[PDB]
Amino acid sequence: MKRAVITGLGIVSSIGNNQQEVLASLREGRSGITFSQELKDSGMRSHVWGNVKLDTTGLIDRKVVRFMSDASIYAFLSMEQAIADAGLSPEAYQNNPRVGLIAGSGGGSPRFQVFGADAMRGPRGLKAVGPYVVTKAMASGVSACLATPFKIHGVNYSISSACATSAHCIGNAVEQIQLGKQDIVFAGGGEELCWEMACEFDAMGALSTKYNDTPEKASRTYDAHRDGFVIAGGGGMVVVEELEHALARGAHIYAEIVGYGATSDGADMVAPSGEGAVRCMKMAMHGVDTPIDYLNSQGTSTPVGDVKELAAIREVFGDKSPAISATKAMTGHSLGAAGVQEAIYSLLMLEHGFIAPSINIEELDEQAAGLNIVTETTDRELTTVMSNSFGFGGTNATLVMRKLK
């Protein structure tokens, strides 16, 4: 069947506002985590986050940004970058039935959802709400807010699966290409950063709370003293294109998506089973005869989550343990945006031939001994890489990408 490759990428993350800034942060093991006065004032125990260091005001047409929440803004900016990076002129992707968009978020917009309710209960009622809350608060906000302005005529919808959200978006994009239904599918996601949603995770005990005085050390995947993830926001978008189409226009190809796994744990609600993850990685490796040179793990930085994934990786590769690093130690967990941003970090490592370090590991977890966890930036010729996205609700996605000759 049809082959799918990545020909462009765009990103707005806690460690950079474009792929160049991100590249630098990755090589330097630079943290994007900072202290959040907003989270502290909300009454939360976790006072750190991976915020986007950019004032988006005026970066998007007023008539367009009026319908958007932060998730949409981040994804929109990421898509602009992706389009330019892919070298696509407007005439090349706009008003084209074979060009689509699949992008979502983990929670839509709790901020505007609460805003509407707060305004409605106020002295002005509906007048305070406004006619833009729906497009900001709906779960499909990210796809709706981008498909319209970019004149997308092909597939258009959002996929939601918590931490696996944008990973499933990319995989679904691949499926469209494989089915011969689309030539190009923009895939990715975005996530707003707000106490409204963050407090829900803190109320679960899923967020780090013992390192508020040293924010850059809070996210410490695989460290013996990890205590939860650090919430983050941002966006990302990649251009998934059918091979012949990309080659025909002389597109720059980062890699071919040679594997996509999507499975379900069917066990616990908010706790990885590990078993589902093993099946997910094996599914993504079907037909892939080249070894995995680097694995960008889910690596949430949670006590139980980290160990479950470690076990799954051991079961899948056994003696074939590849280089492993959890970029979340640097970036925080962007939820709905994580899958696409992490695929992008993996693509940058593959393109520039280096492995980003898994930082803040002062004491490697006992259940990690024997694995090749990279803790220092290492230059190496990579050919095949894997990125795992295992999210709450027992939903799993794995992407395997490989360089073309």
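All residue numbers refer to positions in the sequence shown, first residue = 1.
Looking at 394 to 402 and 1 to 9 together, the entry lists the larger mean B-factor for 1 to 9, computed on C-alpha atoms. A summary of the deposited B-factors shows that, of 367 to 375 and 353 to 361, the stretch with the larger mean C-alpha value is 367 to 375. For the set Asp55, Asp70, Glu28, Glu342, the maximum C-alpha B-factor listed in the entry falls on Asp55. Between the residues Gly234, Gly266, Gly228, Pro123, the entry's highest C-alpha temperature factor is the one at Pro123. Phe115: CA B factor in the highest third of modelled residues in this chain (values from the PDB entry).
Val316: CA B factor lies in the middle third for its chain, per the PDB record.
Ranked against the other modelled residues of its chain, the C-alpha B-factor of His245 as given in the entry falls in the middle third. Sorting the modelled residues of the chain by their CA temperature factor places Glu256 in the lowest third. In this PDB entry, the Cα temperature factor of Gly299 sits in the middle third of its chain's modelled residues.
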